[PDB]
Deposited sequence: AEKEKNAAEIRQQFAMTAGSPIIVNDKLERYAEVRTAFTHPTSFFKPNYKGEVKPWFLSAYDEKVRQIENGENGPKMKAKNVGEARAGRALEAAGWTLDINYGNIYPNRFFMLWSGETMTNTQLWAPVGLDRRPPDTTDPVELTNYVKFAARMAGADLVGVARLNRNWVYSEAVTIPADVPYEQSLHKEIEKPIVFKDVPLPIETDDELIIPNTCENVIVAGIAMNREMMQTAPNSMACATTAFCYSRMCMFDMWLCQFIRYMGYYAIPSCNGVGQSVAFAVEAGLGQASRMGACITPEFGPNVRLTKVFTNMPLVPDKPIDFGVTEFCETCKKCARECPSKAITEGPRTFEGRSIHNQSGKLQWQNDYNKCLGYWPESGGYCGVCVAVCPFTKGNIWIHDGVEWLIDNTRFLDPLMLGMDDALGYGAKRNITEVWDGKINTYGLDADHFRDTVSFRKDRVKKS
């Protein structure tokens, strides 16, 4: 796979085409959070926050021995098991995505972490960097990223166009039990300051924050192929906890090297754009970043840092041209969310960021199918050619973290492919 990636390397330069209308995008506009999309009826006709309506459908399916919408399970025991696996997968994730910056697991400084306090006598986080060479730092930090659970890792210069204009967060002293009821907006700004810092009014990223490190965290193929049923929910969930552990591990390594690091998971900015600029893959009709190793069946997280690094080259292995004629995801999508038309610079609704050339999809239509089906769908990922019953999954092949030994050698790494 290291041969393929260098064969398809582009010359330097962001491959996302923009016009002069593009503005940074307020995170509150996503379908998950925006008031126009947030409330959906359950199967009884009661309007609730969308994820609560989806909970009601999970309960109804368990009671009726189903693994998904009109998908009978082997028995009620099997239906329960898939939802127990899904729920457990989310253990290391706050409120579905860890999006609040500088809260809970997503701290912008390591100073208060238990690990940092235990290691304080060594002083790694206070000691100036011993390495400033971007070539050596790129090799060190990619090695560390693989130790930290990334299946893919890439580096790009930080394009501020993809950083949210304002983040969704909670006040710093609000306890977890009131968090969902007290979400607020807060601007993300760049200023001449030494370190990332949060004031009462602003999330402040330093102007020295030059780079973003993007990780790809592979999902399980057999489980995602059960979309829109529960086992596709389970591989999604487990990878969100893998994302959180990756951010914390890598931020701690970068801090202990003498630099600062900002974790993010699903917060701070748009992962698909960063992933394309870092060379992990190409944008697609469904909207995801499609990778040569995994297609779109991979989750993304990212870390921002002033650590000197060598940016990776973007890659072109023909996704744009394949998506022009394929349209399989658009035809299988249960909610008709994915367009069959051509790419434009004009968003279809508030949930899209206008000003960038992309396939414009209706993401309120997508979210609307989640309470109906009681899961996170994923049909588009499952049917995509680049990605290539539930009892057979539970009785079938599995390996550590759901990785597959039949393909795991595609992500082996030596120095030559790290820098």
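Student: Note down, first to last, the deposited-sequence stretches for which the model contains no C-alpha atom.
Tutor: Those parts of the chain that were deposited but carry no coordinates are 1-6, 395-430, 462-464.
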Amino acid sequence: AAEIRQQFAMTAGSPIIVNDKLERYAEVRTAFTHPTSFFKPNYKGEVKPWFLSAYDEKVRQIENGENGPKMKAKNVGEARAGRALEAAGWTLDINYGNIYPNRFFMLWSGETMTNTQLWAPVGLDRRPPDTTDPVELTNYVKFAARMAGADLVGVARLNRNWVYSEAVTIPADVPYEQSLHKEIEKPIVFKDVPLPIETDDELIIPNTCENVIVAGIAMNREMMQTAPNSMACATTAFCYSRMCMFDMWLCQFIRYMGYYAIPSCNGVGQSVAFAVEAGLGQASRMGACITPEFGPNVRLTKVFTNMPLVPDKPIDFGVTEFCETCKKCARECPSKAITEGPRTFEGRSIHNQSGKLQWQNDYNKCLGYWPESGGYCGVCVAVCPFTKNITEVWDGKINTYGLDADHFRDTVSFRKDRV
From here on, numbers count along this sequence of modelled residues.
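Student: If you average the Cα B factors in the entry, which is higher, 403-411 or 5-13?
Tutor: Comparing 5-13 with 403-411, the higher average CA B-factor belongs to 5-13.
Student: Tell me which of 313-321 and 75-83 has the higher mean C-alpha B-factor in the deposited entry.
Tutor: Higher mean C-alpha B-factor in the PDB entry: 313-321.
Student: Can you tell me which of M257, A237, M224, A172 has the highest Cα temperature factor in the record?
Tutor: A172 has the highest C-alpha B-factor of those listed.
Student: Just to confirm, going by the entry's C-alpha B-factors, which of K44, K48, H34, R60 comes out highest?
Tutor: The C-alpha B-factor peaks, among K44, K48, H34, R60, at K44.
Student: Which third, lowest, middle or highest, does the C-alpha temperature factor of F104 belong to within its own chain?
Tutor: According to the entry, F104 has a C-alpha B-factor in the chain's lowest third.
Student: Where does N207 sit by CA temperature factor within its chain: lowest, middle or highest third?
Tutor: It falls in the top third of the chain.
Student: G68: which third of its chain by C-alpha temperature factor?
Tutor: Middle third by C-alpha B-factor.
Student: Which third of the chain holds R157 when residues are ordered by C-alpha B factor: lowest, middle or highest?
Tutor: Ranked within chain, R157 CA B lands in the middle tercile.
Student: Hey, what third does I350 fall into on Cα B-factor, ranked over its chain?
Tutor: CA B-factor rank for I350: middle third.
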